[PDB]
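These notes are about the structure you will find just below.
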Amino acid sequence: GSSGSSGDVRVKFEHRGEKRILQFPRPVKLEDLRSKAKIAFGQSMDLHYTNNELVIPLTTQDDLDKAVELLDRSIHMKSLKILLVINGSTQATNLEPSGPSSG
């Protein structure tokens with residue numbers, strides 16, 4: 001079931017010339033983007049998306065949420081350009097919560 005009108009987020013991947021397009025129905029999840037890219041290629045790789053001229057390594061949700069929100073608003077930009085870069089192995093493959101708040 002799709003929560004809302006049919007509106008996914010086309011994410012184009014890039015690895016040593018190679019390319020891989022994906023579809024993630026908002027709200028988009030950082031883990032989802034990686035998971036897929038990992039299944040498509042079959043190797044652990046980071047997700048680096050370029051906004052305009054610089055490169056922003058999607059490490060935390062904040063980055064993704066900002067990349068998905070800026071994409072929609074952005075007219076010129078068609079999709080979220082991503083750049084897959086080899087890494088090696090995972091560190092905290094075991095997802096965990098967090099309570100970032102002072103009092």
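In the structure tokens, chains take letters A, B, ... by order of appearance, with residues numbered from 1 within each chain and ligands from 1 in the order shown.
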* Excluding segment 50-54 of chain A and residues on its chain fewer than 5 positions from it, collect all residues at most 10 Å away from it, counting only C-alpha atoms, and give them as a VMD selection string. => chain A and resid 66 to 67 70 to 71 74 77 80 to 83
* Asked: Which parts of chain A does DSSP call strand (DSSP E) when run on the backbone here, written out as a PyMOL selection string?
  -> chain A and resi 8-15+18-25+45-49+56-57+80-86
Those same residues, written as a CSV table (one decimal), in the first residue's frame with N, CA, C and O atoms?
```csv
chain,number,residue,atom,x,y,z
A,8,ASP,N,7.2,8.6,-6.1
A,8,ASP,CA,8.4,8.0,-5.6
A,8,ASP,C,9.6,9.0,-5.8
A,8,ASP,O,9.4,10.0,-6.5
A,9,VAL,N,10.8,8.6,-5.4
A,9,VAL,CA,12.0,9.4,-5.5
A,9,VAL,C,13.0,8.7,-6.3
A,9,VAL,O,13.7,7.8,-5.8
A,10,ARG,N,13.2,9.1,-7.6
A,10,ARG,CA,14.2,8.4,-8.5
A,10,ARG,C,15.6,8.8,-8.1
A,10,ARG,O,16.0,9.9,-8.1
A,11,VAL,N,16.3,7.8,-7.6
A,11,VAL,CA,17.7,7.9,-7.1
A,11,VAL,C,18.7,7.3,-8.1
A,11,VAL,O,18.7,6.1,-8.1
A,12,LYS,N,19.4,8.1,-8.8
A,12,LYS,CA,20.4,7.6,-9.8
A,12,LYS,C,21.7,7.3,-9.1
A,12,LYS,O,22.3,8.2,-8.4
A,13,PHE,N,22.2,6.1,-9.2
A,13,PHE,CA,23.5,5.7,-8.6
A,13,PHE,C,24.7,5.8,-9.6
A,13,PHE,O,24.4,5.7,-10.8
A,14,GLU,N,25.9,5.9,-9.1
A,14,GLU,CA,27.1,6.0,-10.0
A,14,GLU,C,28.2,5.3,-9.3
A,14,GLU,O,28.7,5.7,-8.2
A,15,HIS,N,28.8,4.3,-10.0
A,15,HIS,CA,29.9,3.5,-9.5
A,15,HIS,C,30.9,3.2,-10.6
A,15,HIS,O,30.6,2.4,-11.5
A,18,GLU,N,29.6,3.0,-13.8
A,18,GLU,CA,28.3,2.2,-13.8
A,18,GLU,C,27.2,3.1,-13.2
A,18,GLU,O,27.5,4.1,-12.5
A,19,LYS,N,26.0,2.8,-13.5
A,19,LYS,CA,24.8,3.5,-13.0
A,19,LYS,C,23.7,2.6,-12.6
A,19,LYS,O,23.5,1.5,-13.2
A,20,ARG,N,22.9,3.0,-11.6
A,20,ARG,CA,21.8,2.2,-11.1
A,20,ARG,C,20.7,3.1,-10.6
A,20,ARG,O,20.9,3.8,-9.6
A,21,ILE,N,19.5,3.0,-11.2
A,21,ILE,CA,18.4,3.8,-10.8
A,21,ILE,C,17.5,3.0,-9.8
A,21,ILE,O,17.3,1.8,-9.9
A,22,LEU,N,17.0,3.7,-8.8
A,22,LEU,CA,16.1,3.1,-7.8
A,22,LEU,C,14.9,4.0,-7.6
A,22,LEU,O,14.8,5.1,-8.1
A,23,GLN,N,13.9,3.4,-6.8
A,23,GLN,CA,12.7,4.1,-6.5
A,23,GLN,C,12.3,3.9,-5.1
A,23,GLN,O,12.1,2.8,-4.6
A,24,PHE,N,12.2,5.1,-4.4
A,24,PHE,CA,11.9,5.0,-2.9
A,24,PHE,C,10.7,6.0,-2.7
A,24,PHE,O,10.8,7.2,-2.7
A,25,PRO,N,9.6,5.4,-2.3
A,25,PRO,CA,8.3,6.2,-2.0
A,25,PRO,C,8.4,6.9,-0.7
A,25,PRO,O,8.5,6.3,0.4
A,45,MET,N,28.9,0.1,0.0
A,45,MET,CA,29.3,1.3,-0.6
A,45,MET,C,28.6,2.5,0.0
A,45,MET,O,27.4,2.4,0.3
A,46,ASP,N,29.3,3.6,0.1
A,46,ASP,CA,28.7,4.8,0.7
A,46,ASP,C,27.9,5.5,-0.4
A,46,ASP,O,28.0,5.3,-1.6
A,47,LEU,N,27.0,6.5,0.1
A,47,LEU,CA,26.2,7.2,-0.8
A,47,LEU,C,26.5,8.7,-0.8
A,47,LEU,O,26.2,9.4,0.2
A,48,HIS,N,27.2,9.2,-1.9
A,48,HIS,CA,27.6,10.6,-2.0
A,48,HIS,C,26.8,11.3,-3.1
A,48,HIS,O,26.9,11.0,-4.2
A,49,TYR,N,25.9,12.2,-2.6
A,49,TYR,CA,25.0,12.9,-3.6
A,49,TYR,C,25.5,14.4,-3.7
A,49,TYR,O,25.8,15.0,-2.7
A,56,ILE,N,28.0,15.9,-0.9
A,56,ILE,CA,27.5,15.7,0.4
A,56,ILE,C,27.3,14.2,0.7
A,56,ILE,O,26.4,13.6,0.2
A,57,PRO,N,28.2,13.6,1.5
A,57,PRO,CA,28.2,12.2,1.8
A,57,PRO,C,27.0,11.9,2.8
A,57,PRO,O,27.1,12.1,4.0
A,80,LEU,N,17.9,12.9,-7.7
A,80,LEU,CA,19.0,13.0,-6.7
A,80,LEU,C,20.2,12.2,-7.1
A,80,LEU,O,20.3,11.0,-6.9
A,81,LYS,N,21.2,12.9,-7.7
A,81,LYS,CA,22.4,12.3,-8.2
A,81,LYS,C,23.2,11.7,-7.0
A,81,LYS,O,23.5,12.4,-6.1
A,82,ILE,N,23.5,10.4,-7.1
A,82,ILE,CA,24.2,9.7,-6.1
A,82,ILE,C,25.5,9.2,-6.6
A,82,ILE,O,25.6,8.9,-7.8
A,83,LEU,N,26.5,9.0,-5.7
A,83,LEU,CA,27.8,8.5,-6.1
A,83,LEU,C,28.2,7.4,-5.2
A,83,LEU,O,28.7,7.7,-4.1
A,84,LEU,N,28.1,6.1,-5.6
A,84,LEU,CA,28.5,5.0,-4.8
A,84,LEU,C,30.1,4.9,-4.8
A,84,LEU,O,30.7,4.9,-5.8
A,85,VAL,N,30.6,4.8,-3.5
A,85,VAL,CA,32.0,4.6,-3.3
A,85,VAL,C,32.3,3.5,-2.4
A,85,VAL,O,31.9,3.4,-1.3
A,86,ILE,N,33.2,2.5,-2.9
A,86,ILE,CA,33.5,1.4,-2.1
A,86,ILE,C,33.9,1.8,-0.7
A,86,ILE,O,34.4,2.9,-0.4
```
* To do: May I have all residues of segment 15-86 of chain A that DSSP, computed from the backbone, assigns to alpha helix (DSSP H), given as a VMD selection string?
  => chain A and resid 30 to 41 61 to 73
Keeping only C-alpha atoms, take the residues you just selected and write them out as a compact mmCIF listing (two decimals), in the first residue's frame.
```
# COMPACT_ATOMS: atom_id res chain seq x y z
CA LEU A 30 18.63 6.70 4.32
CA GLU A 31 18.94 3.04 5.29
CA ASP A 32 16.66 2.09 2.40
CA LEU A 33 18.82 3.87 -0.18
CA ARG A 34 21.94 2.09 1.07
CA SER A 35 20.29 -1.31 1.54
CA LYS A 36 19.13 -1.41 -2.09
CA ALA A 37 22.37 -0.07 -3.57
CA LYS A 38 24.03 -2.83 -1.54
CA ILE A 39 21.74 -5.51 -2.96
CA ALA A 40 21.99 -4.22 -6.53
CA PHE A 41 25.79 -4.31 -6.55
CA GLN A 61 19.12 11.17 7.96
CA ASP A 62 19.52 14.94 8.19
CA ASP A 63 21.48 14.69 4.95
CA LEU A 64 18.88 12.55 3.18
CA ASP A 65 15.88 14.54 4.41
CA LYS A 66 17.69 17.66 3.18
CA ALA A 67 18.51 15.97 -0.14
CA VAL A 68 14.93 14.79 -0.70
CA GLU A 69 13.37 18.10 0.32
CA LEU A 70 15.79 20.18 -1.75
CA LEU A 71 15.25 17.90 -4.75
CA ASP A 72 11.48 18.35 -4.94
CA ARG A 73 11.68 22.13 -4.55
```
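Note that atom CA of residue 91 of chain A and atom CA of residue 26 of chain A are 26.7 Å apart.
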* Asked: At what distance in Å, to one decimal, does atom CA of residue 44 of chain A lie from atom CA of residue 88 of chain A?
  ->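 Those two atoms sit 6.1 Å apart.
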* Asked: Please, what distance in Å, to one decimal, runs between atom CA of residue 78 of chain A and atom CA of residue 27 of chain A?
  ->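 Here the two named atoms are 17.8 Å from each other.
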* Which of these residues is nearest to residue 87 of chain A, using only C-alpha atoms: A:1, A:29, A:16, A:43? -> A:43
